[PDB]
Each structure stands twice: as C-alpha cells, then as structure tokens.
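Undergrad: Just data_33.txt, nothing more (compact mmCIF, N, CA and C atoms):
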# COMPACT_ATOMS: atom_id res chain seq x y z
N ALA D 60 19.82 -13.02 -38.75
CA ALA D 60 20.47 -11.95 -37.94
C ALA D 60 20.79 -12.47 -36.54
N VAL D 61 21.92 -12.10 -36.00
CA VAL D 61 22.30 -12.56 -34.64
C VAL D 61 22.54 -11.35 -33.72
N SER D 62 21.88 -10.26 -33.99
CA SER D 62 22.06 -9.04 -33.14
C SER D 62 20.98 -8.01 -33.47
N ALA D 63 20.57 -7.23 -32.49
CA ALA D 63 19.52 -6.20 -32.74
C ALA D 63 19.88 -4.90 -32.01
N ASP D 64 21.15 -4.63 -31.84
CA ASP D 64 21.58 -3.38 -31.13
C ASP D 64 20.88 -3.25 -29.77
N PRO D 65 21.46 -3.86 -28.76
CA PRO D 65 20.87 -3.80 -27.40
C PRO D 65 21.06 -2.41 -26.76
N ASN D 66 21.80 -1.53 -27.41
CA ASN D 66 22.03 -0.16 -26.84
C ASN D 66 22.58 -0.25 -25.41
N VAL D 67 23.80 -0.70 -25.27
CA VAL D 67 24.41 -0.82 -23.90
C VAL D 67 24.44 0.55 -23.20
N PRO D 68 23.64 0.70 -22.16
CA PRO D 68 23.61 2.00 -21.43
C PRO D 68 24.87 2.14 -20.57
N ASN D 69 25.14 3.34 -20.10
CA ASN D 69 26.35 3.55 -19.25
C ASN D 69 26.02 3.28 -17.79
N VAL D 70 25.17 4.08 -17.20
CA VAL D 70 24.81 3.88 -15.77
C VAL D 70 23.28 3.91 -15.60
N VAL D 71 22.73 2.84 -15.08
CA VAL D 71 21.25 2.79 -14.88
C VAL D 71 20.93 2.03 -13.59
N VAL D 72 19.91 2.44 -12.88
CA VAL D 72 19.54 1.74 -11.61
C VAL D 72 19.16 0.29 -11.91
N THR D 73 20.02 -0.63 -11.59
CA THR D 73 19.70 -2.07 -11.85
C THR D 73 18.63 -2.57 -10.88
N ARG D 74 18.83 -2.33 -9.60
CA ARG D 74 17.82 -2.79 -8.60
C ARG D 74 17.80 -1.83 -7.40
N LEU D 75 16.83 -1.98 -6.54
CA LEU D 75 16.74 -1.09 -5.34
C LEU D 75 16.42 -1.93 -4.10
N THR D 76 17.26 -1.88 -3.10
CA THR D 76 17.00 -2.68 -1.86
C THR D 76 16.63 -1.76 -0.69
N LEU D 77 16.04 -2.32 0.35
CA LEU D 77 15.65 -1.49 1.53
C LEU D 77 15.80 -2.30 2.82
N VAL D 78 16.86 -2.08 3.54
CA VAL D 78 17.08 -2.84 4.81
C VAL D 78 16.63 -2.00 6.02
N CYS D 79 16.51 -2.62 7.16
CA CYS D 79 16.08 -1.88 8.39
C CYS D 79 16.48 -2.66 9.64
N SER D 80 15.95 -2.29 10.78
CA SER D 80 16.29 -3.01 12.04
C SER D 80 15.16 -3.98 12.42
N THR D 81 13.95 -3.66 12.05
CA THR D 81 12.79 -4.55 12.38
C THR D 81 11.92 -4.76 11.14
N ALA D 82 12.52 -4.79 9.98
CA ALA D 82 11.73 -4.99 8.73
C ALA D 82 11.61 -6.48 8.40
N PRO D 83 10.68 -6.82 7.52
CA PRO D 83 10.50 -8.24 7.14
C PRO D 83 11.68 -8.71 6.29
N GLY D 84 12.33 -7.81 5.60
CA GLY D 84 13.50 -8.21 4.75
C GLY D 84 13.85 -7.08 3.77
N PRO D 85 14.96 -7.24 3.07
CA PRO D 85 15.39 -6.20 2.10
C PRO D 85 14.49 -6.23 0.86
N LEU D 86 13.54 -5.33 0.80
CA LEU D 86 12.62 -5.30 -0.39
C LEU D 86 13.41 -4.95 -1.64
N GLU D 87 13.37 -5.80 -2.64
CA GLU D 87 14.13 -5.52 -3.90
C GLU D 87 13.19 -5.09 -5.02
N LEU D 88 13.43 -3.94 -5.59
CA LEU D 88 12.55 -3.45 -6.70
C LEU D 88 13.30 -3.57 -8.04
N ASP D 89 12.60 -3.90 -9.09
CA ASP D 89 13.26 -4.05 -10.42
C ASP D 89 13.32 -2.70 -11.15
N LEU D 90 14.48 -2.33 -11.63
CA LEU D 90 14.62 -1.03 -12.35
C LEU D 90 15.33 -1.25 -13.69
N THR D 91 14.87 -2.20 -14.46
CA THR D 91 15.51 -2.47 -15.79
C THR D 91 14.50 -2.25 -16.92
N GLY D 92 13.47 -3.06 -16.98
CA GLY D 92 12.45 -2.90 -18.06
C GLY D 92 11.05 -2.98 -17.45
N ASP D 93 10.76 -4.03 -16.73
CA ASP D 93 9.41 -4.18 -16.11
C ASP D 93 9.24 -3.17 -14.97
N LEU D 94 9.13 -1.91 -15.30
CA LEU D 94 8.96 -0.86 -14.25
C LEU D 94 7.47 -0.53 -14.04
N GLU D 95 6.65 -0.81 -15.01
CA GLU D 95 5.18 -0.51 -14.88
C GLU D 95 4.60 -1.20 -13.64
N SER D 96 5.19 -2.29 -13.21
CA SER D 96 4.67 -3.00 -12.01
C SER D 96 4.80 -2.13 -10.75
N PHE D 97 5.63 -1.12 -10.80
CA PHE D 97 5.81 -0.23 -9.60
C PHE D 97 4.48 0.40 -9.19
N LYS D 98 3.80 1.03 -10.12
CA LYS D 98 2.49 1.68 -9.80
C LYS D 98 1.44 0.63 -9.41
N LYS D 99 1.70 -0.63 -9.66
CA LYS D 99 0.70 -1.69 -9.31
C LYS D 99 0.90 -2.15 -7.86
N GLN D 100 2.08 -2.00 -7.33
CA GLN D 100 2.34 -2.43 -5.92
C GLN D 100 3.06 -1.32 -5.14
N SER D 101 2.98 -1.36 -3.83
CA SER D 101 3.65 -0.32 -3.00
C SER D 101 4.60 -0.97 -2.00
N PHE D 102 5.14 -0.20 -1.09
CA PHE D 102 6.07 -0.76 -0.06
C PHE D 102 5.46 -0.60 1.33
N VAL D 103 5.11 -1.68 1.97
CA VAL D 103 4.51 -1.60 3.34
C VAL D 103 5.58 -1.26 4.37
N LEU D 104 5.28 -0.36 5.28
CA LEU D 104 6.26 0.02 6.33
C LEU D 104 5.53 0.38 7.63
N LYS D 105 6.26 0.79 8.63
CA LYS D 105 5.62 1.18 9.92
C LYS D 105 5.74 2.69 10.12
N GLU D 106 5.02 3.23 11.07
CA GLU D 106 5.07 4.70 11.33
C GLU D 106 6.51 5.21 11.46
N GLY D 107 6.99 5.88 10.46
CA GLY D 107 8.37 6.46 10.48
C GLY D 107 9.43 5.44 10.90
N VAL D 108 9.68 4.43 10.10
CA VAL D 108 10.74 3.44 10.47
C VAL D 108 12.10 3.92 9.95
N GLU D 109 13.15 3.68 10.69
CA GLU D 109 14.50 4.10 10.24
C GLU D 109 15.07 3.05 9.29
N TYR D 110 14.86 3.22 8.01
CA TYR D 110 15.37 2.21 7.03
C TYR D 110 16.46 2.80 6.12
N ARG D 111 17.35 1.97 5.65
CA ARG D 111 18.43 2.45 4.74
C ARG D 111 18.09 2.07 3.30
N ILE D 112 18.76 2.64 2.33
CA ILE D 112 18.45 2.29 0.91
C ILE D 112 19.72 1.84 0.18
N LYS D 113 19.64 0.75 -0.54
CA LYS D 113 20.82 0.24 -1.29
C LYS D 113 20.55 0.29 -2.79
N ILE D 114 21.11 1.25 -3.48
CA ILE D 114 20.88 1.35 -4.95
C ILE D 114 21.97 0.59 -5.71
N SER D 115 21.58 -0.12 -6.74
CA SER D 115 22.58 -0.88 -7.55
C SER D 115 22.51 -0.38 -9.00
N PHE D 116 23.63 -0.27 -9.66
CA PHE D 116 23.61 0.23 -11.07
C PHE D 116 24.84 -0.26 -11.84
N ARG D 117 24.62 -0.71 -13.05
CA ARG D 117 25.75 -1.24 -13.88
C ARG D 117 26.55 -0.10 -14.52
N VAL D 118 27.84 -0.26 -14.61
CA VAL D 118 28.69 0.80 -15.24
C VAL D 118 29.62 0.15 -16.27
N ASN D 119 29.18 0.05 -17.50
CA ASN D 119 30.04 -0.59 -18.55
C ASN D 119 30.16 0.30 -19.79
N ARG D 120 30.47 1.56 -19.60
CA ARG D 120 30.61 2.47 -20.77
C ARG D 120 31.64 3.57 -20.47
N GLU D 121 31.34 4.45 -19.55
CA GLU D 121 32.29 5.55 -19.22
C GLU D 121 32.25 5.86 -17.72
N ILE D 122 33.23 6.59 -17.24
CA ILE D 122 33.26 6.94 -15.79
C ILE D 122 32.32 8.11 -15.50
N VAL D 123 31.28 7.88 -14.75
CA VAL D 123 30.32 8.98 -14.43
C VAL D 123 30.70 9.62 -13.09
N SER D 124 31.55 10.61 -13.11
CA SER D 124 31.98 11.28 -11.85
C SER D 124 30.95 12.33 -11.43
N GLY D 125 30.16 12.03 -10.43
CA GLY D 125 29.13 13.01 -9.96
C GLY D 125 27.74 12.38 -10.03
N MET D 126 27.62 11.15 -9.59
CA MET D 126 26.28 10.47 -9.62
C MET D 126 25.40 11.01 -8.49
N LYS D 127 24.12 11.13 -8.73
CA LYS D 127 23.21 11.65 -7.66
C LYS D 127 21.91 10.84 -7.62
N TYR D 128 21.33 10.72 -6.45
CA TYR D 128 20.06 9.95 -6.31
C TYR D 128 19.00 10.85 -5.66
N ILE D 129 18.08 11.37 -6.44
CA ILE D 129 17.03 12.25 -5.87
C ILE D 129 15.76 11.45 -5.58
N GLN D 130 14.85 12.02 -4.83
CA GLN D 130 13.58 11.31 -4.49
C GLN D 130 12.54 12.32 -4.00
N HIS D 131 11.42 12.42 -4.68
CA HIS D 131 10.36 13.39 -4.26
C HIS D 131 9.22 12.65 -3.58
N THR D 132 8.93 12.97 -2.35
CA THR D 132 7.82 12.28 -1.63
C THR D 132 6.47 12.84 -2.11
N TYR D 133 5.93 12.29 -3.16
CA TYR D 133 4.62 12.79 -3.68
C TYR D 133 3.47 12.18 -2.88
N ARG D 134 2.54 13.00 -2.44
CA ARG D 134 1.39 12.48 -1.65
C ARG D 134 0.07 12.80 -2.35
N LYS D 135 -0.67 11.79 -2.76
CA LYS D 135 -1.97 12.03 -3.46
C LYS D 135 -1.78 12.97 -4.65
N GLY D 136 -0.68 12.85 -5.35
CA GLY D 136 -0.43 13.73 -6.53
C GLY D 136 0.02 15.11 -6.04
N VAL D 137 0.75 15.17 -4.96
CA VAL D 137 1.22 16.48 -4.43
C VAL D 137 2.60 16.33 -3.77
N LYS D 138 3.62 16.88 -4.37
CA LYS D 138 4.99 16.77 -3.78
C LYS D 138 5.05 17.47 -2.42
N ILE D 139 5.55 16.80 -1.42
CA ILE D 139 5.63 17.42 -0.06
C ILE D 139 7.10 17.58 0.37
N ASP D 140 8.00 16.81 -0.19
CA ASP D 140 9.44 16.93 0.20
C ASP D 140 10.32 16.11 -0.75
N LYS D 141 11.39 16.69 -1.22
CA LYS D 141 12.31 15.96 -2.15
C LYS D 141 13.77 16.32 -1.83
N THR D 142 14.66 15.37 -1.94
CA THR D 142 16.10 15.66 -1.63
C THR D 142 17.02 14.97 -2.65
N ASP D 143 18.28 15.33 -2.66
CA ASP D 143 19.24 14.70 -3.62
C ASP D 143 20.35 13.97 -2.85
N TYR D 144 20.45 12.68 -3.00
CA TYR D 144 21.51 11.91 -2.28
C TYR D 144 22.74 11.72 -3.17
N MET D 145 23.80 12.43 -2.89
CA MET D 145 25.04 12.29 -3.71
C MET D 145 25.62 10.89 -3.53
N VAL D 146 25.62 10.09 -4.57
CA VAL D 146 26.16 8.70 -4.46
C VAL D 146 27.69 8.73 -4.54
N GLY D 147 28.23 9.10 -5.67
CA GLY D 147 29.72 9.15 -5.82
C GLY D 147 30.11 8.83 -7.26
N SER D 148 31.38 8.95 -7.57
CA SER D 148 31.84 8.65 -8.96
C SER D 148 32.08 7.15 -9.12
N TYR D 149 31.89 6.64 -10.31
CA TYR D 149 32.10 5.17 -10.54
C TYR D 149 32.62 4.93 -11.96
N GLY D 150 33.72 4.24 -12.08
CA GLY D 150 34.29 3.95 -13.43
C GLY D 150 33.94 2.52 -13.85
N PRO D 151 33.75 2.31 -15.13
CA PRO D 151 33.40 0.95 -15.62
C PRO D 151 34.62 0.03 -15.53
N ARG D 152 34.42 -1.21 -15.16
CA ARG D 152 35.56 -2.16 -15.05
C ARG D 152 35.07 -3.60 -14.91
N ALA D 153 34.02 -3.81 -14.16
CA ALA D 153 33.50 -5.21 -13.98
C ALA D 153 31.97 -5.26 -14.09
N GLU D 154 31.28 -4.81 -13.07
CA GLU D 154 29.78 -4.86 -13.11
C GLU D 154 29.18 -3.62 -12.42
N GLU D 155 28.07 -3.76 -11.75
CA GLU D 155 27.43 -2.59 -11.07
C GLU D 155 28.06 -2.33 -9.70
N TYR D 156 27.52 -1.39 -8.98
CA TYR D 156 28.05 -1.07 -7.62
C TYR D 156 26.91 -1.12 -6.61
N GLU D 157 27.22 -1.02 -5.34
CA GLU D 157 26.15 -1.07 -4.29
C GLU D 157 26.20 0.19 -3.41
N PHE D 158 25.37 1.16 -3.72
CA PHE D 158 25.34 2.41 -2.89
C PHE D 158 24.57 2.12 -1.59
N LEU D 159 24.73 2.95 -0.59
CA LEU D 159 24.01 2.71 0.70
C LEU D 159 23.68 4.03 1.40
N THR D 160 22.43 4.25 1.71
CA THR D 160 22.03 5.51 2.41
C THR D 160 21.80 5.21 3.90
N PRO D 161 22.00 6.21 4.74
CA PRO D 161 21.80 6.02 6.20
C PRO D 161 20.32 5.77 6.51
N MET D 162 20.03 5.38 7.73
CA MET D 162 18.61 5.11 8.12
C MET D 162 17.74 6.36 7.91
N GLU D 163 16.80 6.28 7.00
CA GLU D 163 15.91 7.45 6.74
C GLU D 163 14.53 7.19 7.34
N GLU D 164 14.19 7.90 8.39
CA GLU D 164 12.86 7.69 9.04
C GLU D 164 11.73 8.12 8.09
N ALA D 165 10.76 7.26 7.90
CA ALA D 165 9.62 7.60 6.99
C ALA D 165 8.65 8.54 7.71
N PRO D 166 7.55 8.88 7.06
CA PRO D 166 6.56 9.78 7.69
C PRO D 166 5.75 9.03 8.76
N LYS D 167 5.71 9.54 9.96
CA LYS D 167 4.94 8.85 11.05
C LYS D 167 3.71 9.67 11.43
N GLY D 168 2.86 9.13 12.27
CA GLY D 168 1.64 9.87 12.69
C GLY D 168 0.40 9.04 12.34
N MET D 169 -0.69 9.27 13.03
CA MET D 169 -1.94 8.50 12.74
C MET D 169 -2.38 8.73 11.29
N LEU D 170 -2.26 9.94 10.81
CA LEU D 170 -2.66 10.24 9.41
C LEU D 170 -1.54 9.86 8.44
N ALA D 171 -0.31 9.84 8.91
CA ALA D 171 0.84 9.48 8.03
C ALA D 171 0.65 8.08 7.44
N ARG D 172 -0.14 7.25 8.07
CA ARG D 172 -0.36 5.87 7.55
C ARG D 172 -1.08 5.93 6.19
N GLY D 173 -0.52 5.31 5.19
CA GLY D 173 -1.17 5.33 3.84
C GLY D 173 -0.11 5.16 2.75
N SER D 174 -0.52 5.18 1.51
CA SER D 174 0.46 5.02 0.39
C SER D 174 1.11 6.36 0.03
N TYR D 175 2.40 6.37 -0.20
CA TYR D 175 3.10 7.64 -0.55
C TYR D 175 3.84 7.49 -1.88
N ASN D 176 3.30 8.04 -2.94
CA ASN D 176 3.99 7.94 -4.26
C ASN D 176 5.30 8.72 -4.22
N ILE D 177 6.38 8.12 -4.63
CA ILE D 177 7.70 8.84 -4.58
C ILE D 177 8.29 8.98 -5.98
N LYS D 178 9.05 10.03 -6.20
CA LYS D 178 9.67 10.25 -7.55
C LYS D 178 11.19 10.25 -7.43
N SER D 179 11.83 9.19 -7.85
CA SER D 179 13.32 9.13 -7.77
C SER D 179 13.94 9.34 -9.15
N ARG D 180 14.81 10.31 -9.28
CA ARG D 180 15.45 10.58 -10.60
C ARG D 180 16.95 10.28 -10.53
N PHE D 181 17.38 9.22 -11.15
CA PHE D 181 18.83 8.86 -11.13
C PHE D 181 19.59 9.69 -12.16
N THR D 182 20.32 10.68 -11.71
CA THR D 182 21.09 11.54 -12.66
C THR D 182 22.54 11.68 -12.20
N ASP D 183 23.28 12.54 -12.84
CA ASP D 183 24.70 12.74 -12.45
C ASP D 183 24.92 14.22 -12.08
N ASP D 184 26.11 14.73 -12.27
CA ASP D 184 26.37 16.16 -11.93
C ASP D 184 25.49 17.08 -12.77
N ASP D 185 25.47 16.85 -14.05
CA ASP D 185 24.64 17.70 -14.97
C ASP D 185 24.60 17.13 -16.40
N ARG D 186 25.49 16.23 -16.75
CA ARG D 186 25.52 15.67 -18.14
C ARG D 186 24.13 15.25 -18.61
N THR D 187 23.42 14.48 -17.82
CA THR D 187 22.05 14.03 -18.22
C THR D 187 21.39 13.23 -17.08
N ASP D 188 20.32 12.55 -17.39
CA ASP D 188 19.61 11.73 -16.36
C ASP D 188 19.70 10.25 -16.74
N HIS D 189 20.20 9.43 -15.85
CA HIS D 189 20.33 7.97 -16.16
C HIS D 189 18.95 7.31 -16.25
N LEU D 190 18.16 7.41 -15.21
CA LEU D 190 16.80 6.78 -15.23
C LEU D 190 15.96 7.26 -14.05
N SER D 191 14.66 7.24 -14.18
CA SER D 191 13.78 7.69 -13.07
C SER D 191 12.49 6.86 -13.06
N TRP D 192 11.99 6.53 -11.89
CA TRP D 192 10.74 5.73 -11.81
C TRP D 192 9.82 6.29 -10.71
N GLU D 193 8.84 5.53 -10.29
CA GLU D 193 7.91 6.02 -9.23
C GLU D 193 7.29 4.84 -8.47
N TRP D 194 7.41 4.84 -7.17
CA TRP D 194 6.83 3.73 -6.35
C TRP D 194 6.15 4.31 -5.11
N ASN D 195 5.08 3.69 -4.68
CA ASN D 195 4.34 4.20 -3.48
C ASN D 195 4.83 3.51 -2.20
N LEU D 196 4.88 4.25 -1.12
CA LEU D 196 5.33 3.66 0.18
C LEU D 196 4.15 3.58 1.14
N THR D 197 3.61 2.41 1.34
CA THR D 197 2.44 2.26 2.26
C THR D 197 2.90 2.20 3.72
N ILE D 198 2.67 3.25 4.47
CA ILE D 198 3.07 3.26 5.91
C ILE D 198 2.04 2.48 6.73
N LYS D 199 2.41 2.02 7.90
CA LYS D 199 1.44 1.24 8.73
C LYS D 199 1.81 1.35 10.22
N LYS D 200 1.43 0.38 11.01
CA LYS D 200 1.75 0.43 12.47
C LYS D 200 2.55 -0.80 12.90
N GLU D 201 2.29 -1.95 12.31
CA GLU D 201 3.05 -3.18 12.71
C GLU D 201 3.34 -4.08 11.51
N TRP D 202 3.91 -3.54 10.46
CA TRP D 202 4.25 -4.38 9.27
C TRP D 202 5.13 -5.58 9.66
N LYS D 203 5.81 -5.49 10.77
CA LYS D 203 6.68 -6.63 11.22
C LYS D 203 5.98 -7.43 12.31
N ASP D 204 4.68 -7.60 12.20
CA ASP D 204 3.93 -8.37 13.23
C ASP D 204 2.96 -9.35 12.55
Now that the file is in, can you turn its structure into structure tokens?

TA:
Amino acid sequence: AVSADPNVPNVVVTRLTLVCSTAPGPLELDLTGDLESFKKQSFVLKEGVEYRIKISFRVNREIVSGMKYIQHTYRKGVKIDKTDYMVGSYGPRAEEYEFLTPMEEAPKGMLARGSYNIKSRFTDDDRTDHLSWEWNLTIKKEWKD
C-alpha cells in the first residue's frame, strides 16, 4: 500500500508565534499533532507585557469566510476572561496564512505572577470548529533579564 488516507483538513492552526518589544523572541508553539506537550510547558512573560500574536493555518480545501480566534484565560481551573479575535476570510490557493493581533497586555500585579492556563478555540462563523488547544502563560517580573 502507498497511501493511508491522510484526511487533508481545510483550515487548522499550523503554528502560534508571540512577538513583543522586550521579549526574548517569537515563541513558536506546535499546533499539528504533538499538542500534549502544551500542558507540559508554559510561556514565561513579565507583569502585563504588551505582546502581539501571530496565528498560522493551512488552507487547502475550501474558502472559510468568517474565521475566528477565541481564547479563555483559565486560572487554576477557573475561567476569568475570554474573547473572540475575528481573523478574516481565506481561500485555498498556495499554503497557510499569517494572522496578527495587536499588542495584548497580559495580567500584571504582584499576585498576577504565575501560570495561566488558556483555552483557544479556532473556529469560523458557525460552520464548525477547526481546532482548539490549551497552554499556560507563566507571568513574571524580568523574563528579559
């Protein structure tokens, strides 16, 4: 046999980047198969840093007009705030795309320092949900020192 039905998906979060003004670098997270490693590691940051998010996703099936990027800030198993970032429509033609969110200040404060489990659900207008994972955000005071 020379094939096993790879089930070519339409739109799925290929990778996740995180740039900033004083960060160590664009943290890249894997969102293809090895996702279990997310709960094993977190993202170190500083008290409420203004960082942007770059989502990447392949589109080789149909045009998904109405893509959305949600994210629930879960704390110790307790959702405290969640929002939906409208990405935009994307038609298949070559490879994935590179979305970009504005600088989002994280939670700051002496107690704000710690790991923050987040719930991101990659879906569209309403047809269905492309993919969703969970990663913790470890806040700090001088991650860039």

Undergrad: Got a sec to check which residues sit within 5 Å of (0.5, 3.2, -4.0), counting only N, CA and C atoms, and write them as an NGL selection string?

TA: :D and (101 or 174 or 195)

Undergrad: DSSP on the backbone: what in chain D comes out strand (DSSP E), as a VMD selection string?

TA: chain D and resid 70 to 78 88 to 89 101 to 103 109 to 118 123 to 133 138 to 149 155 to 157 160 to 164 176 to 182 188 to 197

Undergrad: Can you tell me which residues surround residue 93 (chain D) at a distance of at most 12 Å, considering only C-alpha atoms, apart from same-chain residues fewer than 4 positions away, and format the answer as number ranges by chain?

TA: D: 73-74, 88-89, 97-99, 192

Undergrad: Go ahead and compute the interatomic distance for CA of residue 100 (chain D) and CA of residue 134 (chain D), in Å to one decimal.

TA: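 Answer for the CA of residue 100 (chain D) to CA of residue 134 (chain D) separation: 15.5 Å.
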
Undergrad: Which residue, D:155, D:183, D:163, D:188, has the smallest gap to residue 79 (chain D) when you use only C-alpha atoms?

TA: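 Nearest candidate to residue 79 (chain D) out of D:155, D:183, D:163, D:188: D:163.
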
Undergrad: Given the point (19.6, -0.5, 8.3) in the coordinates of this file, which residues lie within 5 Å, counting all atoms listed in the file, and how would they look as number ranges by chain?

TA: D: 78-80, 111

Undergrad: Calculate how many Å separate atom N of residue 95 (chain D) from CA of residue 189 (chain D), rounding to one decimal.

TA: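 Distance between the two atoms: 16.3 Å.
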
Undergrad: Closest to residue 182 (chain D) among D:136, D:125, D:92, D:150, using all atoms listed in the file?

TA: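 Selected residue with least distance to residue 182 (chain D): D:125.
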
Undergrad: For atom N of residue 197 (chain D) and atom N of residue 70 (chain D), determine how far apart the two atoms are, in Å to one decimal place.

TA: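 Between these atoms lies a distance of 28.5 Å.
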
Undergrad: Could you tell me which of D:202, D:133, D:128, D:144 comes closest to residue 180 (chain D) if we count only C-alpha atoms?

TA: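 The closest residue to residue 180 (chain D) is D:128.
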
Undergrad: Using all atoms listed in the file, pick whichever of D:203, D:127, D:187, D:196 has the shortest atom-to-atom distance to residue 83 (chain D).

TA: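 Under the stated criterion, the closest residue is D:203.
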
Undergrad: Between D:130, D:121, D:105, D:184, which one has atoms that come closest to residue 166 (chain D), using only N, CA and C atoms?

TA: D:105

Undergrad: Give the answer as one residue: which of D:115, D:179, D:132, D:91 has the shortest atom-to-atom distance to residue 149 (chain D), using only C-alpha atoms?

TA: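 Among D:115, D:179, D:132, D:91, it is D:115 that comes nearest to residue 149 (chain D).
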
Undergrad: Please extract the residues of region 92-190 of chain D with a backbone DSSP assignment of helix (DSSP H, G or I) and present them as a ChimeraX atom specification.

TA: /D:95-99

Undergrad: For residue 171 (chain D), please output as a CSV table (one decimal) with N, CA and C atoms, in the coordinates of the input all residues within 7 Å (counting all atoms listed in the file; exclusion window: fewer than 6 positions along the same chain).

TA:
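Everything below was put into around-v6.csv:
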chain,number,residue,atom,x,y,z
D,106,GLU,N,5.0,3.2,11.1
D,106,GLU,CA,5.1,4.7,11.3
D,106,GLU,C,6.5,5.2,11.5
D,198,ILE,N,2.7,3.2,4.5
D,198,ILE,CA,3.1,3.3,5.9
D,198,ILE,C,2.0,2.5,6.7
D,199,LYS,N,2.4,2.0,7.9
D,199,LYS,CA,1.4,1.2,8.7
D,199,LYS,C,1.8,1.4,10.2

Undergrad: Mind completing region 139-155 of chain D with N, CA, C and O atoms? Output as a PDB file, keeping the file's coordinate frame, please?

TA:
ATOM      1  N   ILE D 139       5.550  16.800  -1.420  1.00  0.00           N
ATOM      2  CA  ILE D 139       5.630  17.420  -0.060  1.00  0.00           C
ATOM      3  C   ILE D 139       7.100  17.580   0.370  1.00  0.00           C
ATOM      4  O   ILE D 139       7.407  18.406   1.213  1.00  0.00           O
ATOM      5  N   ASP D 140       8.000  16.810  -0.190  1.00  0.00           N
ATOM      6  CA  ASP D 140       9.440  16.930   0.200  1.00  0.00           C
ATOM      7  C   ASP D 140      10.320  16.110  -0.750  1.00  0.00           C
ATOM      8  O   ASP D 140      10.041  14.959  -1.033  1.00  0.00           O
ATOM      9  N   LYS D 141      11.390  16.690  -1.220  1.00  0.00           N
ATOM     10  CA  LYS D 141      12.310  15.960  -2.150  1.00  0.00           C
ATOM     11  C   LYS D 141      13.770  16.320  -1.830  1.00  0.00           C
ATOM     12  O   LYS D 141      14.071  17.444  -1.483  1.00  0.00           O
ATOM     13  N   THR D 142      14.660  15.370  -1.940  1.00  0.00           N
ATOM     14  CA  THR D 142      16.100  15.660  -1.630  1.00  0.00           C
ATOM     15  C   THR D 142      17.020  14.970  -2.650  1.00  0.00           C
ATOM     16  O   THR D 142      16.589  14.118  -3.408  1.00  0.00           O
ATOM     17  N   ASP D 143      18.280  15.330  -2.660  1.00  0.00           N
ATOM     18  CA  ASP D 143      19.240  14.700  -3.620  1.00  0.00           C
ATOM     19  C   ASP D 143      20.350  13.970  -2.850  1.00  0.00           C
ATOM     20  O   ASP D 143      21.111  14.586  -2.122  1.00  0.00           O
ATOM     21  N   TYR D 144      20.450  12.680  -3.000  1.00  0.00           N
ATOM     22  CA  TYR D 144      21.510  11.910  -2.280  1.00  0.00           C
ATOM     23  C   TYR D 144      22.740  11.720  -3.170  1.00  0.00           C
ATOM     24  O   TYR D 144      22.724  10.944  -4.106  1.00  0.00           O
ATOM     25  N   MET D 145      23.800  12.430  -2.890  1.00  0.00           N
ATOM     26  CA  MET D 145      25.040  12.290  -3.710  1.00  0.00           C
ATOM     27  C   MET D 145      25.620  10.890  -3.530  1.00  0.00           C
ATOM     28  O   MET D 145      26.065  10.526  -2.454  1.00  0.00           O
ATOM     29  N   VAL D 146      25.620  10.090  -4.570  1.00  0.00           N
ATOM     30  CA  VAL D 146      26.160   8.700  -4.460  1.00  0.00           C
ATOM     31  C   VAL D 146      27.690   8.730  -4.540  1.00  0.00           C
ATOM     32  O   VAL D 146      28.372   8.420  -3.582  1.00  0.00           O
ATOM     33  N   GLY D 147      28.230   9.100  -5.670  1.00  0.00           N
ATOM     34  CA  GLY D 147      29.720   9.150  -5.820  1.00  0.00           C
ATOM     35  C   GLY D 147      30.110   8.830  -7.260  1.00  0.00           C
ATOM     36  O   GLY D 147      29.282   8.473  -8.074  1.00  0.00           O
ATOM     37  N   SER D 148      31.380   8.950  -7.570  1.00  0.00           N
ATOM     38  CA  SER D 148      31.840   8.650  -8.960  1.00  0.00           C
ATOM     39  C   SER D 148      32.080   7.150  -9.120  1.00  0.00           C
ATOM     40  O   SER D 148      32.417   6.461  -8.178  1.00  0.00           O
ATOM     41  N   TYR D 149      31.890   6.640 -10.310  1.00  0.00           N
ATOM     42  CA  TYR D 149      32.100   5.170 -10.540  1.00  0.00           C
ATOM     43  C   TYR D 149      32.620   4.930 -11.960  1.00  0.00           C
ATOM     44  O   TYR D 149      32.023   5.359 -12.930  1.00  0.00           O
ATOM     45  N   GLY D 150      33.720   4.240 -12.080  1.00  0.00           N
ATOM     46  CA  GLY D 150      34.290   3.950 -13.430  1.00  0.00           C
ATOM     47  C   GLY D 150      33.940   2.520 -13.850  1.00  0.00           C
ATOM     48  O   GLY D 150      33.844   1.648 -13.004  1.00  0.00           O
ATOM     49  N   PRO D 151      33.750   2.310 -15.130  1.00  0.00           N
ATOM     50  CA  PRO D 151      33.400   0.950 -15.620  1.00  0.00           C
ATOM     51  C   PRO D 151      34.620   0.030 -15.530  1.00  0.00           C
ATOM     52  O   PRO D 151      35.734   0.440 -15.801  1.00  0.00           O
ATOM     53  N   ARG D 152      34.420  -1.210 -15.160  1.00  0.00           N
ATOM     54  CA  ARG D 152      35.560  -2.160 -15.050  1.00  0.00           C
ATOM     55  C   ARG D 152      35.070  -3.600 -14.910  1.00  0.00           C
ATOM     56  O   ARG D 152      35.649  -4.511 -15.468  1.00  0.00           O
ATOM     57  N   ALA D 153      34.020  -3.810 -14.160  1.00  0.00           N
ATOM     58  CA  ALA D 153      33.500  -5.210 -13.980  1.00  0.00           C
ATOM     59  C   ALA D 153      31.970  -5.260 -14.090  1.00  0.00           C
ATOM     60  O   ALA D 153      31.434  -5.720 -15.076  1.00  0.00           O
ATOM     61  N   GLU D 154      31.280  -4.810 -13.070  1.00  0.00           N
ATOM     62  CA  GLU D 154      29.780  -4.860 -13.110  1.00  0.00           C
ATOM     63  C   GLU D 154      29.180  -3.620 -12.420  1.00  0.00           C
ATOM     64  O   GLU D 154      29.722  -2.528 -12.525  1.00  0.00           O
ATOM     65  N   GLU D 155      28.070  -3.760 -11.750  1.00  0.00           N
ATOM     66  CA  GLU D 155      27.430  -2.590 -11.070  1.00  0.00           C
ATOM     67  C   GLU D 155      28.060  -2.330  -9.700  1.00  0.00           C
ATOM     68  O   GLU D 155      29.014  -2.982  -9.310  1.00  0.00           O
TER      69      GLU D 155
END
